[PDB]
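Just below is one structure, and these are the notes that go with it.
Cβ placement follows ideal geometry from the backbone for every residue including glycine, while neighbour counts extend to all protein chains displayed. Since every read-out is calculated from the coordinates, none of them should be taken as a lab result.
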């Protein structure tokens with residue numbers, strides 16, 4: 001299967017899905033006005049994405065990986081520029097507006113972190129075993145809360161609450177080498193952790209009071225996910241991948257419906 005990562009922003013919204021097929025990562029945009037190919041094209045077998053907003057514009061970071069080489073590609077409004085990231089399988093997330101970017105790298109079963117406080121990159125304290133990694137985070141107004149999902153060749157949530165990593169209460173039924181995705185929203189928060197286990201992606205949910213299996217159930221060997229808020233209404237977009245097929249599935253508070261993105 002192809003490998004996919006996605007990001008969204010704004011209440012329109014605008015969604016960016018980056019699909020790595022045979023060493024060439026390709027973009028597919030959605031400005032609320034149709035799916036159209038984007039100006040992003042770089043070499044890569046793996047890609048993870050994150051984005052924030054500064055002012056009325058967007059800033060996208062896209063982390064392409066080949067072997068053990070991870071080159072960052074920036075969109076500060078002005079073209080796709082090479083980044084200053086040095087360090088395969090990766091997962092990125094941001095917060096604030098400086099911003100602050102963590103990029104967890106599940107190179108060779110040991111997940112390692114690279115942090116950006118705005119003043120250069122520096123290796124972070126995170127060092128946990130696992131083949132696949134996903135990440136999500138959220139702000140409470142002062143404290144950042146990161147949830148890192150490590151899957152040994154069993155998925156183990158790791159929790160940073162502004163003070164030391166601690167093992168999380170995530171429970172799910174996985175298969176060897178399973179592939180995971182995650183998104184979050186709200187202050188509670190609400191977490192949706194999707195895992196790909198031999199062509200059948202499942203959902204595990206946490207509204208703040210006990211994990212529980214979600215309603216989502218579709219076919220796929222890879223999952224990416226993103227969400228956004230229209231009011232207190234959350235809209236999630238999950239991208240399942242099999243071969244080159246990539247079917248978009250949409251939650252809009254009203255059951256799981258198919259999505260406008262082509263299978264491709």
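Out of 187, 262, 257, I need the residue that is on the phi < 0 side of the Ramachandran plot and not in a loop (DSSP other than H, G, I, E, B). Which one?
Unique residue meeting the criteria: 257.
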Task: All positions within segment 187-200 that are surrounded by 14 or more Cβ atoms within 10 Å (Cβ to Cβ) and closer than 27 Å to residue 143 by Cα - done: 189, 190, 191, 192, 193, 194
Open item on the list: I'd like the full set of residues that are surrounded by fewer than 19 Cβ atoms within 10 Å (Cβ to Cβ) and within 25 Å of residue 140 (Cβ to Cβ), limited to segment 208-226.
Closed with: 208, 209, 210, 211, 212, 214
- [ ] Name the one entry in 97, 123 that is in a strand (DSSP E or B) and touching a strand residue (DSSP E or B) at 6+ places or on another chain (Cβ under 9 Å).
- [x] 123
Task: Which listed residue is closer than 30 Å to residue 178 by Cα and either touching a helix residue (DSSP H, G or I) at 6+ places or on another chain (Cβ under 7 Å) or not in a strand (DSSP E or B) (or both), from 18, 85 - done: 85
TODO: Please indicate, with yes or no, whether at least one residue in segment 22-33 is under 17 Å from residue 244 (Cα atoms) and out of contact with any strand residue (DSSP E or B) (no Cβ under 7 Å at 6 or more places or on another chain).
DONE: yes
Open item on the list: Which condition from (1) in a loop (DSSP other than H, G, I, E, B); (2) closer than 16 Å to residue 191 by Cα; (3) touching a strand residue (DSSP E or B) at 6+ places or on another chain (Cβ under 6 Å) is the one that residue 158 breaks?
Closed with: (1)
Task: Boolean, residue 116 is under 18 Å from residue 160 (Cα atoms), crowded, with 22+ Cβ neighbours inside 10 Å and out of contact with any helix residue (DSSP H, G or I) (no Cβ under 9 Å at 6 or more places or on another chain) - done: yes
